[PDB]
Amino acid sequence: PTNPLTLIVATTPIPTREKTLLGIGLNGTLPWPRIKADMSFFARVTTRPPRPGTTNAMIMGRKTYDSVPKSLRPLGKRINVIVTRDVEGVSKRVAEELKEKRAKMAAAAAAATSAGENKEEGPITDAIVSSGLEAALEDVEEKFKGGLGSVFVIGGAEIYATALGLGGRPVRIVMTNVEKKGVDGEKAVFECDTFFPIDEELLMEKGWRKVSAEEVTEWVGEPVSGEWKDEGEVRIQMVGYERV
Ligand SMILES: NC(=O)c1ccc[n+]([C@@H]2O[C@H](COP(=O)([O-])OP(=O)(O)OC[C@H]3O[C@@H](n4cnc5c(N)ncnc54)[C@H](OP(=O)(O)O)[C@@H]3O)[C@@H](O)[C@H]2O)c1
Ligand SMILES: C[C@H]1COc2c1c(Oc1cccc(C#N)c1)cc1nc(N)nc(N)c21
């Protein structure tokens, strides 16, 4: 049987007359000020190997790649897989950014060593560029073999849409819900130009099941309560959905 594909996403609800939309992006970035708890959660979960000596891959659309600040990318300690229709051009630029990243990470390792820090086996950092999502999945399987850890689809909307359309991989969604705190017992809504490709079918569980906190916990390898938690002007909670 074939390994699960996990979409991981943060959404914000936007009630419209016809349905609640799930906003994910505005102007090529996220819709909200930085949420430290979502960031660290995303980082720990996407990095965490499912067994020793493996590295997780994140499959992303080219715009989501670009949405990460250049100095932080490709994102460390994972295999970054950038899906594009211009492999040739994007390859050259990713290769360049990887090389700069390698340079930053090497200097840090040398410094860490130099100040008497304990080093240990950890997941590796790579970036590769593919012509499609299916191509990306193939490409990472072929390059990494049994060193491949968990595969995450990290966005954005076009790539998620493609994941959800793949021919029957179980697909699971690990979702962080983001809401503004009420002001006069009313909650404002974030402006978004990019939305998750499905919304009502998750909130109404049509073809999807919302899973126990214990099940999310197993997927992501750290405790998830499914409780709301306050983070400044937002509250957030983590939930999961499996296709039925
Ligand atoms: N809140 C979250 O959890 C989250 C996560 C990720 C992203 N986002 C947000 O979403 C926005 C970006 O989303 P998006 O939907 O506009 O972009 P996206 O899906 O990240 O990327 C679109 C790009 O991916 C490439 N691509 C897409 N489909 C393809 C296919 N079928 N075959 C080959 N290449 C393909 C194309 O790259 P080329 O143009 O280079 O061909 C396309 O322009 C940003 O605002 C970002 O901040 C939010
Ligand atoms: C990376 C963008 C794209 O996807 C995601 C991103 C993100 O922002 C950043 C920005 C800079 C570094 C890192 C890191 N590491 C994350 C946060 C995310 N949160 C959730 N819950 N889900 C996703 N898919 C996310």
# chains A, B, ... in the order shown; residues from 1 in each chain; ligands from 1
>>> residues_near_ligand(ligand="ligand 2", cutoff="7 Å", atoms="only C-alpha atoms and all ligand atoms", output="NGL selection string")
:A and (8-10 or 38-39 or 41-43 or 64 or 67-69 or 72 or 75 or 154-155 or 175-176)
>>> closest_atom_pairs(of="chain A", to="ligand 1", cutoff="6 Å", atoms="only C-alpha atoms and all ligand atoms", output="tab-separated table")
residue	atom	partner	partner_atom_place_in_ligand_line	distance
A:9	CA	ligand 1	3 (O)	3.5
A:10	CA	ligand 1	3 (O)	3.8
A:11	CA	ligand 1	1 (N)	5.6
A:24	CA	ligand 1	1 (N)	3.9
A:25	CA	ligand 1	45 (O)	3.5
A:26	CA	ligand 1	45 (O)	4.8
A:27	CA	ligand 1	45 (O)	5.7
A:28	CA	ligand 1	45 (O)	3.5
A:29	CA	ligand 1	47 (O)	3.5
A:30	CA	ligand 1	47 (O)	4.2
A:60	CA	ligand 1	20 (O)	6.0
A:61	CA	ligand 1	21 (O)	3.6
A:62	CA	ligand 1	24 (O)	4.3
A:63	CA	ligand 1	21 (O)	4.1
A:64	CA	ligand 1	20 (O)	3.8
A:67	CA	ligand 1	47 (O)	5.6
A:83	CA	ligand 1	34 (N)	4.9
A:84	CA	ligand 1	34 (N)	3.6
A:85	CA	ligand 1	41 (O)	3.6
A:86	CA	ligand 1	41 (O)	5.4
A:131	CA	ligand 1	33 (C)	5.0
A:132	CA	ligand 1	32 (N)	4.2
A:154	CA	ligand 1	6 (C)	5.6
A:155	CA	ligand 1	6 (C)	3.8
A:156	CA	ligand 1	20 (O)	3.4
A:157	CA	ligand 1	15 (O)	3.4
A:158	CA	ligand 1	19 (O)	3.6
A:159	CA	ligand 1	19 (O)	4.4
A:194	CA	ligand 1	10 (O)	5.7
>>> select_by_dssp(residues="region 92-148 of chain A", states="helix (DSSP H, G or I)", output="JSON, numbers by chain")
{"A": [92, 93, 94, 95, 96, 97, 98, 99, 100, 101, 102, 103, 104, 105, 106, 107, 108, 109, 110, 111, 112, 113, 114, 133, 134, 135, 136, 137, 138, 139, 140, 141, 142, 143, 144, 145, 146, 147]}
>>> closest_residue(among="A:13, A:232, A:240, A:123", to="residue 213 (chain A)", atoms="only C-alpha atoms")
A:240
>>> closest_residue(among="A:103, A:216, A:129, A:59", to="residue 7 (chain A)", atoms="only C-alpha atoms")
A:59
>>> select_by_dssp(residues="region 75-215 of chain A", states="strand (DSSP E)", output="ChimeraX atom specification")
/A:79-83,126-130,148-155,171-180,194-195,208-210
>>> write_last_selection(atoms="N, CA and C atoms", output="compact mmCIF listing (two decimals), in the first residue's frame")
# COMPACT_ATOMS: atom_id res chain seq x y z
N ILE A 79 14.12 18.55 1.99
CA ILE A 79 14.27 18.58 0.54
C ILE A 79 13.17 19.50 -0.01
N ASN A 80 13.56 20.59 -0.66
CA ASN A 80 12.62 21.53 -1.20
C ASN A 80 12.37 21.15 -2.65
N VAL A 81 11.11 20.97 -3.02
CA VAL A 81 10.80 20.57 -4.39
C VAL A 81 9.91 21.63 -5.03
N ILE A 82 10.47 22.39 -5.98
CA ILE A 82 9.78 23.56 -6.55
C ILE A 82 9.14 23.16 -7.88
N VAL A 83 7.80 23.28 -7.96
CA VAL A 83 7.04 22.90 -9.16
C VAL A 83 6.79 24.13 -10.03
N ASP A 126 18.24 20.10 0.66
CA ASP A 126 18.37 20.06 -0.77
C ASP A 126 17.25 20.89 -1.43
N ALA A 127 17.43 21.25 -2.70
CA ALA A 127 16.37 21.85 -3.51
C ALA A 127 16.44 21.28 -4.92
N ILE A 128 15.29 20.88 -5.44
CA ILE A 128 15.20 20.40 -6.81
C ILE A 128 13.94 20.98 -7.47
N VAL A 129 13.95 21.04 -8.80
CA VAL A 129 12.89 21.71 -9.55
C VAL A 129 12.26 20.68 -10.49
N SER A 130 10.94 20.54 -10.50
CA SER A 130 10.23 19.57 -11.31
C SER A 130 9.17 20.28 -12.14
N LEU A 148 14.33 8.91 1.71
CA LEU A 148 13.15 9.82 1.69
C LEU A 148 12.34 9.59 2.98
N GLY A 149 12.11 10.66 3.76
CA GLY A 149 11.18 10.62 4.91
C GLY A 149 9.75 10.92 4.51
N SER A 150 9.05 11.76 5.26
CA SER A 150 7.64 12.11 4.93
C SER A 150 7.57 13.13 3.78
N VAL A 151 6.54 13.06 2.95
CA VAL A 151 6.32 14.06 1.88
C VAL A 151 5.12 14.95 2.25
N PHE A 152 5.38 16.24 2.25
CA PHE A 152 4.38 17.25 2.54
C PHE A 152 4.14 18.07 1.28
N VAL A 153 2.88 18.37 0.99
CA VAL A 153 2.55 19.41 0.00
C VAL A 153 2.29 20.72 0.75
N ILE A 154 3.17 21.71 0.58
CA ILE A 154 3.13 22.91 1.41
C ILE A 154 2.47 24.10 0.69
N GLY A 155 1.82 23.88 -0.46
CA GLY A 155 1.16 24.98 -1.16
C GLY A 155 1.85 25.45 -2.44
N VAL A 171 -4.72 11.05 1.09
CA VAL A 171 -4.34 12.44 1.26
C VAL A 171 -4.94 12.95 2.57
N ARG A 172 -4.11 13.64 3.32
CA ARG A 172 -4.52 14.12 4.61
C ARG A 172 -4.21 15.61 4.63
N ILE A 173 -5.03 16.35 5.37
CA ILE A 173 -4.78 17.76 5.52
C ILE A 173 -4.47 18.06 6.99
N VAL A 174 -3.29 18.62 7.25
CA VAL A 174 -3.00 19.18 8.57
C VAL A 174 -3.23 20.70 8.50
N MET A 175 -4.23 21.20 9.21
CA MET A 175 -4.65 22.57 8.98
C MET A 175 -4.53 23.39 10.26
N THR A 176 -3.89 24.56 10.18
CA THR A 176 -3.95 25.50 11.27
C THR A 176 -5.05 26.52 10.97
N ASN A 177 -6.09 26.56 11.81
CA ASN A 177 -7.17 27.58 11.74
C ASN A 177 -6.70 28.85 12.45
N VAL A 178 -6.84 29.96 11.73
CA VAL A 178 -6.40 31.29 12.18
C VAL A 178 -7.63 32.21 12.19
N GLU A 179 -7.91 32.82 13.33
CA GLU A 179 -9.04 33.72 13.46
C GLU A 179 -8.61 34.98 14.21
N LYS A 180 -9.17 36.15 13.85
CA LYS A 180 -8.91 37.36 14.68
C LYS A 180 -9.70 37.23 16.00
N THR A 194 -5.97 34.63 -2.26
CA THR A 194 -5.72 33.20 -2.52
C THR A 194 -6.42 32.38 -1.43
N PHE A 195 -7.10 31.30 -1.85
CA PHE A 195 -7.95 30.49 -0.99
C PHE A 195 -7.59 29.01 -1.18
N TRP A 208 -14.85 13.90 3.57
CA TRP A 208 -13.71 14.15 4.42
C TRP A 208 -14.13 13.88 5.86
N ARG A 209 -13.22 13.37 6.67
CA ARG A 209 -13.53 13.20 8.05
C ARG A 209 -12.58 14.09 8.84
N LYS A 210 -13.08 14.78 9.84
CA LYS A 210 -12.20 15.43 10.74
C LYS A 210 -11.73 14.41 11.78
>>> closest_residue(among="A:234, A:242, A:202, A:183", to="residue 37 (chain A)", atoms="only C-alpha atoms")
A:234
>>> closest_residue(among="A:214, A:190, A:241, A:228", to="residue 23 (chain A)", atoms="only C-alpha atoms")
A:190
>>> closest_residue(among="A:12, A:237, A:46, A:114", to="residue 31 (chain A)", atoms="only C-alpha atoms")
A:12
>>> closest_residue(among="A:143, A:187, A:93, A:51", to="residue 14 (chain A)", atoms="only C-alpha atoms")
A:187
>>> decode(residues="region 75-125 of chain A", atoms="N, CA and C atoms", output="CSV table (one decimal), in the first residue's frame")
chain,number,residue,atom,x,y,z
A,75,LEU,N,14.5,26.2,2.2
A,75,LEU,CA,14.3,26.0,3.7
A,75,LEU,C,15.2,24.9,4.2
A,76,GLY,N,15.9,25.1,5.3
A,76,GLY,CA,16.9,24.1,5.7
A,76,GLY,C,16.3,22.9,6.3
A,77,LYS,N,17.1,21.8,6.1
A,77,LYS,CA,16.9,20.5,6.8
A,77,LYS,C,15.7,19.8,6.2
A,78,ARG,N,15.3,20.2,5.0
A,78,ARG,CA,14.3,19.5,4.2
A,78,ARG,C,14.7,19.4,2.8
A,79,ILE,N,14.1,18.6,2.0
A,79,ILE,CA,14.3,18.6,0.5
A,79,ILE,C,13.2,19.5,0.0
A,80,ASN,N,13.6,20.6,-0.7
A,80,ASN,CA,12.6,21.5,-1.2
A,80,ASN,C,12.4,21.1,-2.7
A,81,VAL,N,11.1,21.0,-3.0
A,81,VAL,CA,10.8,20.6,-4.4
A,81,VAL,C,9.9,21.6,-5.0
A,82,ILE,N,10.5,22.4,-6.0
A,82,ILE,CA,9.8,23.6,-6.5
A,82,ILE,C,9.1,23.2,-7.9
A,83,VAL,N,7.8,23.3,-8.0
A,83,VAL,CA,7.0,22.9,-9.2
A,83,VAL,C,6.8,24.1,-10.0
A,84,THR,N,7.2,24.0,-11.3
A,84,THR,CA,7.2,25.2,-12.2
A,84,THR,C,7.0,24.7,-13.7
A,85,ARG,N,6.6,25.6,-14.5
A,85,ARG,CA,6.5,25.3,-15.9
A,85,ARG,C,7.8,25.9,-16.7
A,86,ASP,N,8.7,26.5,-15.9
A,86,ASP,CA,9.9,26.9,-16.6
A,86,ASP,C,11.1,26.2,-15.8
A,87,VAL,N,11.3,24.9,-15.9
A,87,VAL,CA,12.3,24.1,-15.2
A,87,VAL,C,13.7,24.7,-15.4
A,88,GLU,N,13.9,25.1,-16.7
A,88,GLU,CA,15.3,25.5,-17.1
A,88,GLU,C,15.7,26.8,-16.4
A,89,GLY,N,14.8,27.8,-16.4
A,89,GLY,CA,15.1,29.1,-15.9
A,89,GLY,C,15.2,29.0,-14.3
A,90,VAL,N,14.2,28.4,-13.8
A,90,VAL,CA,14.0,28.3,-12.3
A,90,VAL,C,15.1,27.5,-11.7
A,91,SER,N,15.4,26.3,-12.3
A,91,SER,CA,16.6,25.5,-11.9
A,91,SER,C,17.8,26.4,-11.7
A,92,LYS,N,18.2,27.2,-12.7
A,92,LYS,CA,19.5,28.0,-12.5
A,92,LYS,C,19.4,28.8,-11.2
A,93,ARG,N,18.2,29.5,-11.0
A,93,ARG,CA,18.1,30.4,-9.9
A,93,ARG,C,18.1,29.6,-8.6
A,94,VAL,N,17.4,28.5,-8.5
A,94,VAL,CA,17.3,27.6,-7.3
A,94,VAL,C,18.7,27.1,-7.0
A,95,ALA,N,19.4,26.6,-8.0
A,95,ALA,CA,20.8,26.1,-7.9
A,95,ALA,C,21.6,27.2,-7.2
A,96,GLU,N,21.4,28.4,-7.6
A,96,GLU,CA,22.2,29.5,-7.1
A,96,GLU,C,21.9,29.8,-5.6
A,97,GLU,N,20.6,29.8,-5.3
A,97,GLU,CA,20.1,30.0,-3.9
A,97,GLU,C,20.5,28.9,-3.0
A,98,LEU,N,20.4,27.7,-3.5
A,98,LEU,CA,20.9,26.5,-2.7
A,98,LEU,C,22.4,26.7,-2.3
A,99,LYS,N,23.2,27.1,-3.3
A,99,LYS,CA,24.7,27.2,-3.1
A,99,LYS,C,24.9,28.3,-2.0
A,100,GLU,N,24.2,29.4,-2.0
A,100,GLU,CA,24.3,30.5,-1.0
A,100,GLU,C,23.9,29.9,0.4
A,101,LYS,N,22.8,29.1,0.4
A,101,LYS,CA,22.3,28.5,1.6
A,101,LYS,C,23.4,27.5,2.2
A,102,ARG,N,23.9,26.7,1.3
A,102,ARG,CA,25.0,25.8,1.7
A,102,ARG,C,26.1,26.5,2.4
A,103,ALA,N,26.4,27.7,1.9
A,103,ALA,CA,27.5,28.5,2.4
A,103,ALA,C,27.1,29.0,3.8
A,104,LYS,N,25.9,29.5,3.9
A,104,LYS,CA,25.4,30.0,5.3
A,104,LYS,C,25.5,28.8,6.3
A,105,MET,N,25.0,27.6,5.8
A,105,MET,CA,24.9,26.5,6.8
A,105,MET,C,26.2,26.0,7.2
A,106,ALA,N,27.2,25.9,6.2
A,106,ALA,CA,28.6,25.5,6.5
A,106,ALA,C,29.2,26.4,7.5
A,107,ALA,N,29.1,27.7,7.3
A,107,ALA,CA,29.7,28.6,8.2
A,107,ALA,C,29.2,28.5,9.7
A,108,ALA,N,27.9,28.2,9.8
A,108,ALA,CA,27.3,28.0,11.1
A,108,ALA,C,27.8,26.7,11.7
A,109,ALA,N,27.9,25.7,10.9
A,109,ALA,CA,28.4,24.4,11.4
A,109,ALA,C,29.8,24.5,12.0
A,110,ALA,N,30.7,25.2,11.2
A,110,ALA,CA,32.1,25.5,11.6
A,110,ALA,C,32.1,26.3,12.9
A,111,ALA,N,31.2,27.3,13.0
A,111,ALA,CA,31.2,28.1,14.2
A,111,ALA,C,30.6,27.3,15.4
A,112,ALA,N,29.6,26.5,15.2
A,112,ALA,CA,29.0,25.7,16.2
A,112,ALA,C,30.0,24.7,16.8
A,113,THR,N,30.7,24.0,15.9
A,113,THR,CA,31.9,23.1,16.2
A,113,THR,C,32.9,23.9,17.1
A,114,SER,N,33.3,25.1,16.6
A,114,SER,CA,34.3,25.9,17.1
A,114,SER,C,34.0,26.3,18.6
A,115,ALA,N,32.7,26.5,18.9
A,115,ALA,CA,32.3,26.8,20.2
A,115,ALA,C,31.8,25.6,20.9
A,116,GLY,N,32.5,24.5,20.8
A,116,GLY,CA,32.3,23.2,21.5
A,116,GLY,C,30.9,22.6,21.6
A,117,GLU,N,30.1,22.7,20.5
A,117,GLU,CA,28.8,22.2,20.5
A,117,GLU,C,28.8,20.7,20.0
A,118,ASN,N,27.9,19.9,20.6
A,118,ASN,CA,27.7,18.5,20.2
A,118,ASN,C,27.0,18.4,18.8
A,119,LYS,N,27.7,17.8,17.8
A,119,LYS,CA,27.0,17.6,16.5
A,119,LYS,C,26.4,16.2,16.5
A,120,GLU,N,25.4,16.0,15.7
A,120,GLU,CA,24.7,14.7,15.5
A,120,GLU,C,24.1,14.6,14.2
A,121,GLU,N,23.9,13.4,13.7
A,121,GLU,CA,23.1,13.1,12.5
A,121,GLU,C,21.8,13.9,12.5
A,122,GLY,N,21.5,14.5,11.3
A,122,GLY,CA,20.3,15.2,11.1
A,122,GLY,C,19.9,15.2,9.6
A,123,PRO,N,18.7,15.6,9.3
A,123,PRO,CA,18.2,15.6,7.9
A,123,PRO,C,19.0,16.5,7.1
A,124,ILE,N,19.0,16.3,5.8
A,124,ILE,CA,19.9,17.1,4.9
A,124,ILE,C,19.1,18.2,4.2
A,125,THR,N,19.7,19.2,3.7
A,125,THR,CA,19.1,20.3,2.9
A,125,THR,C,19.3,20.1,1.4
